[PDB]
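Asks: File name final.cif; file contents mmCIF, C-alpha atoms and all ligand atoms; full text below.
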data_run
loop_
_atom_site.label_atom_id
_atom_site.label_comp_id
_atom_site.auth_asym_id
_atom_site.auth_seq_id
_atom_site.Cartn_x
_atom_site.Cartn_y
_atom_site.Cartn_z
CA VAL A 1 31.28 -1.59 1.54
CA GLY A 2 30.87 -4.57 -0.79
CA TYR A 3 31.56 -7.02 2.05
CA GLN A 4 28.85 -5.67 4.36
CA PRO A 5 25.75 -7.88 4.70
CA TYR A 6 22.71 -6.97 2.61
CA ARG A 7 19.11 -8.13 3.07
CA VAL A 8 17.38 -9.12 -0.18
CA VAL A 9 13.62 -9.67 -0.42
CA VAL A 10 12.18 -10.92 -3.73
CA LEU A 11 8.51 -10.40 -4.62
CA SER A 12 6.80 -12.81 -7.03
CA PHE A 13 3.43 -12.23 -8.71
CA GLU A 14 1.53 -15.02 -10.47
CA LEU A 15 -1.83 -15.37 -12.21
CA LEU A 16 -3.98 -18.51 -11.96
CA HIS A 17 -7.57 -19.52 -12.66
CA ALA A 18 -8.32 -18.48 -9.08
CA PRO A 19 -9.73 -14.93 -9.08
CA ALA A 20 -7.82 -11.90 -7.86
CA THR A 21 -7.44 -11.79 -4.08
CA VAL A 22 -4.65 -9.17 -4.00
CA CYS A 23 -5.00 -5.75 -5.64
CA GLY A 24 -2.82 -2.65 -5.62
CA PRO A 25 -4.19 0.48 -3.90
CA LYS A 26 -7.50 1.20 -5.62
CA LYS A 27 -8.17 4.82 -6.54
CA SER A 28 -11.50 6.38 -5.61
CA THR A 29 -12.66 9.74 -6.95
CA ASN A 30 -15.03 11.89 -4.91
CA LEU A 31 -18.69 10.89 -4.99
CA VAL A 32 -21.03 13.40 -6.65
CA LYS A 33 -24.78 12.95 -6.24
CA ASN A 34 -27.98 14.36 -7.78
CA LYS A 35 -26.13 14.91 -11.08
CA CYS A 36 -26.08 13.09 -14.42
CA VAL A 37 -22.67 11.42 -14.07
CA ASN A 38 -21.08 8.15 -15.17
CA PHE A 39 -19.95 5.43 -12.75
CA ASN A 40 -18.44 1.94 -12.96
CA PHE A 41 -18.95 -0.03 -9.73
CA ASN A 42 -17.09 -3.16 -10.91
CA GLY A 43 -20.04 -4.66 -12.79
CA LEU A 44 -21.55 -2.06 -15.13
CA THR A 45 -20.77 1.27 -16.78
CA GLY A 46 -23.97 3.10 -15.85
CA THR A 47 -24.74 6.77 -16.44
CA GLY A 48 -27.26 8.55 -14.24
CA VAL A 49 -27.98 10.27 -10.97
CA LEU A 50 -27.24 8.81 -7.52
CA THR A 51 -30.09 9.66 -5.16
CA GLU A 52 -30.32 8.76 -1.47
CA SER A 53 -32.63 5.79 -0.94
CA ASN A 54 -34.61 4.70 2.12
CA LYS A 55 -34.37 0.90 1.66
CA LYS A 56 -31.78 -1.11 3.59
CA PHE A 57 -29.69 -3.79 1.89
CA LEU A 58 -28.64 -6.94 3.73
CA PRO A 59 -24.93 -6.94 4.78
CA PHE A 60 -23.75 -9.13 1.91
CA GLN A 61 -25.30 -7.41 -1.13
CA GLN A 62 -23.54 -5.21 -3.68
CA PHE A 63 -26.00 -5.12 -6.62
CA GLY A 64 -29.74 -4.62 -6.96
CA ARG A 65 -32.46 -4.97 -9.60
CA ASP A 66 -36.16 -4.18 -10.02
CA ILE A 67 -39.36 -5.68 -11.42
CA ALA A 68 -38.31 -4.84 -14.99
CA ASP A 69 -34.91 -6.57 -14.41
CA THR A 70 -32.72 -3.45 -14.54
CA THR A 71 -29.77 -2.61 -12.28
CA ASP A 72 -31.09 0.50 -10.51
CA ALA A 73 -29.66 0.14 -6.98
CA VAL A 74 -25.96 -0.34 -6.19
CA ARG A 75 -24.18 -0.21 -2.83
CA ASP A 76 -21.11 2.00 -2.55
CA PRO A 77 -18.36 -0.06 -0.92
CA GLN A 78 -16.29 2.56 0.90
CA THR A 79 -19.30 4.27 2.49
CA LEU A 80 -21.70 1.30 2.44
CA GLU A 81 -24.61 3.57 1.52
CA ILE A 82 -27.43 2.64 -0.83
CA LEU A 83 -27.69 4.75 -3.99
CA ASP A 84 -30.32 4.43 -6.72
CA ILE A 85 -29.69 4.62 -10.46
CA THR A 86 -32.04 6.71 -12.62
CA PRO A 87 -31.64 7.87 -16.23
CA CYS A 88 -30.93 11.59 -16.42
CA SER A 89 -33.51 12.84 -18.96
CA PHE A 90 -34.70 12.15 -22.49
CA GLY A 91 -37.53 13.23 -24.75
CA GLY A 92 -38.55 15.17 -27.83
CA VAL A 93 -39.20 18.74 -28.93
CA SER A 94 -42.89 19.30 -29.69
CA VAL A 95 -44.15 22.61 -31.08
CA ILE A 96 -47.52 24.37 -31.22
CA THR A 97 -48.36 26.51 -34.25
CA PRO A 98 -51.15 29.13 -34.38
CA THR C 1 -32.64 -20.76 14.73
CA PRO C 2 -33.84 -21.71 18.24
CA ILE C 3 -36.22 -24.65 18.56
CA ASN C 4 -37.47 -27.05 21.25
CA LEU C 5 -37.56 -30.44 19.53
CA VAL C 6 -35.65 -33.71 19.14
CA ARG C 7 -36.83 -35.16 15.81
CA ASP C 8 -39.38 -34.48 13.02
CA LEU C 9 -38.16 -30.94 12.22
CA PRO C 10 -40.85 -28.23 12.03
CA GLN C 11 -42.50 -27.11 8.80
CA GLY C 12 -41.66 -23.47 9.51
CA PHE C 13 -39.76 -21.33 7.03
CA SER C 14 -36.35 -19.81 7.77
CA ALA C 15 -34.09 -18.42 5.05
CA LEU C 16 -30.33 -18.90 5.41
CA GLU C 17 -28.32 -15.69 5.39
CA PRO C 18 -24.86 -16.16 3.86
CA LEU C 19 -21.54 -15.99 5.69
CA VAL C 20 -17.91 -15.13 4.82
CA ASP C 21 -16.95 -15.94 1.22
CA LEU C 22 -13.82 -17.97 0.45
CA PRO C 23 -12.12 -17.28 -2.94
CA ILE C 24 -10.01 -20.45 -3.01
CA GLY C 25 -10.50 -22.12 -6.39
CA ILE C 26 -9.37 -25.70 -5.72
CA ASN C 27 -10.39 -29.35 -6.34
CA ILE C 28 -13.14 -30.99 -4.19
CA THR C 29 -15.16 -34.24 -4.14
CA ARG C 30 -15.26 -35.65 -0.57
CA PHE C 31 -15.91 -34.40 2.95
CA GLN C 32 -16.07 -35.58 6.56
CA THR C 33 -17.25 -34.16 9.89
CA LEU C 34 -15.45 -33.98 13.23
CA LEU C 35 -16.84 -35.06 16.61
CA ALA C 36 -15.75 -34.50 20.21
CA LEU C 37 -15.70 -37.09 22.99
CA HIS C 38 -15.25 -36.71 26.74
CA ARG C 39 -12.80 -38.48 29.07
CA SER C 40 -14.18 -38.28 32.61
CA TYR C 41 -13.20 -40.27 35.70
CA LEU C 42 -15.68 -43.04 34.79
CA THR C 43 -13.81 -43.96 31.62
CA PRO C 44 -10.25 -45.32 32.10
CA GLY C 45 -8.89 -42.73 29.65
CA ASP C 46 -7.88 -44.92 26.69
CA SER C 47 -9.43 -44.47 23.24
CA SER C 48 -9.97 -48.20 22.66
CA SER C 49 -13.29 -49.26 24.22
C1 LIG T 1 -12.80 2.20 4.09
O1 LIG T 1 -11.40 2.19 4.39
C2 LIG T 1 -10.96 3.33 5.14
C3 LIG T 1 -9.46 3.19 5.31
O2 LIG T 1 -8.82 2.87 4.08
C4 LIG T 1 -11.70 3.41 6.47
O3 LIG T 1 -11.33 4.62 7.14
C5 LIG T 1 -13.21 3.39 6.25
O4 LIG T 1 -13.89 3.32 7.49
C6 LIG T 1 -13.60 2.19 5.38
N1 LIG T 1 -15.03 2.19 5.12
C7 LIG T 1 -15.82 1.13 5.34
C8 LIG T 1 -15.16 -0.10 5.88
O5 LIG T 1 -17.03 1.17 5.10
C1 LIG T 2 -10.03 -29.37 -10.58
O1 LIG T 2 -10.38 -30.73 -10.82
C2 LIG T 2 -10.63 -31.04 -12.20
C3 LIG T 2 -11.07 -32.48 -12.25
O2 LIG T 2 -10.92 -33.12 -10.99
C4 LIG T 2 -9.38 -30.76 -13.03
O3 LIG T 2 -9.67 -30.99 -14.41
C5 LIG T 2 -8.92 -29.33 -12.83
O4 LIG T 2 -7.69 -29.11 -13.50
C6 LIG T 2 -8.75 -29.02 -11.34
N1 LIG T 2 -8.38 -27.63 -11.15
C7 LIG T 2 -7.16 -27.24 -10.75
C8 LIG T 2 -6.96 -25.77 -10.60
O5 LIG T 2 -6.27 -28.05 -10.52
#
Here is a file; write its structure as structure tokens.
Replies:
Amino acid sequence: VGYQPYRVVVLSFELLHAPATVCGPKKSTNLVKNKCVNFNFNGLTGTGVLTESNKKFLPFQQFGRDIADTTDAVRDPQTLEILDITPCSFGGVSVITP
Amino acid sequence: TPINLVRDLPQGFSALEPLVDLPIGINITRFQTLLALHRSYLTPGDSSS
């Protein structure tokens, strides 16, 4: 048994100044929309709803900004759909007194 | 972009959409282009003159 031939394959992993071109199988949780949830699409940890937009993005674009220079439109990679980013809700409690 | 002209390129506007991205990360300072030539029955077939 020790004299039978064996095939040996050695895997080597190195890190350089070149960016990552190989990645292990990326996990992807289910996409929930129209709810105040938190997402991280590789460039920002944004919290807000994900509505369905009507504006098409050119087939090289992953991010998106507005007039006020805020990231409010990000393309989902797996489904290549365009989803907007909106803050959930905020405000104050005003009262009226007789 | 199609055009019907030889020289003195038109003043029209045409943005350049990007193409496939190459994440190489190497060293670069010089470049050169490649051309193609034909060898018909008129030419003898030698790349001298
Ligand atoms: C994402 O990858 C899966 C297979 O892993 C494929 O079925 C799906 O069509 C892909 N979506 C794209 C390329 O938008
Ligand atoms: C790229 O070239 C510069 C100068 O030519 C050098 O300092 C640098 O180390 C090179 N990068 C790599 C990854 O070799």
Asks: Residues of chain A were defined as contacting chain C if any atom lay at most 12 Å from it, counting all atoms listed in the file; please report them as a PyMOL selection string.
Replies: chain A and resi 16-22+58-61
Asks: Calculate how many Å separate atom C5 of ligand LIG 1 (chain T) from CA of residue 76 (chain A), rounding to one decimal.
Replies: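 Atom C5 of ligand LIG 1 (chain T) sits 11.9 Å away from CA of residue 76 (chain A).
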Asks: Which residue, C:29, C:15, C:1, C:45, has the smallest gap to ligand LIG 2 (chain T) when you use all atoms listed in the file?
Replies: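 Answer, going by the shortest atom-to-atom distance: C:29.
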Asks: Show me which residues are within 7 Å of ligand LIG 1 (chain T) counting only C-alpha atoms and all ligand atoms, and format the list as JSON, numbers by chain.
Replies: {"A": [77, 78, 79, 80]}
Asks: So how far away is CA of residue 88 (chain A) from CA of residue 35 (chain A), in Å?
Replies: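 So the answer is 7.9 Å.
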Asks: Quick one: pull the distance between CA of residue 44 (chain A) and CA of residue 14 (chain A), Å, one decimal.
Replies: 26.9 Å
Asks: Env of residue 87 (chain A): 8 Å cut, atoms = all atoms listed in the file, seq-sep filter 6 positions within chain, self excluded. Answer as a PyMOL selection string.
Replies: chain A and resi 36+47-49
Asks: Taking all atoms listed in the file into account, name the residue in C:34, C:42, C:28, C:5 that is nearest to ligand LIG 2 (chain T).
Replies: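 The answer is C:28, which sits nearest to ligand LIG 2 (chain T).
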Asks: Taking (-34.8, -21.1, 15.1) as a centre in this file's frame and 10 Å as the limit, can you find every polymer residue with an atom that close, using only C-alpha atoms, and give them as an NGL selection string?
Replies: :C and (1-4 or 10 or 12-14)
Asks: Select all residues near (-36.0, -1.3, -9.1) (cut-off 12 Å, inclusive, file coordinates), counting all atoms listed in the file, and output them as a PyMOL selection string.
Replies: chain A and resi 53+55+63-74+83-86
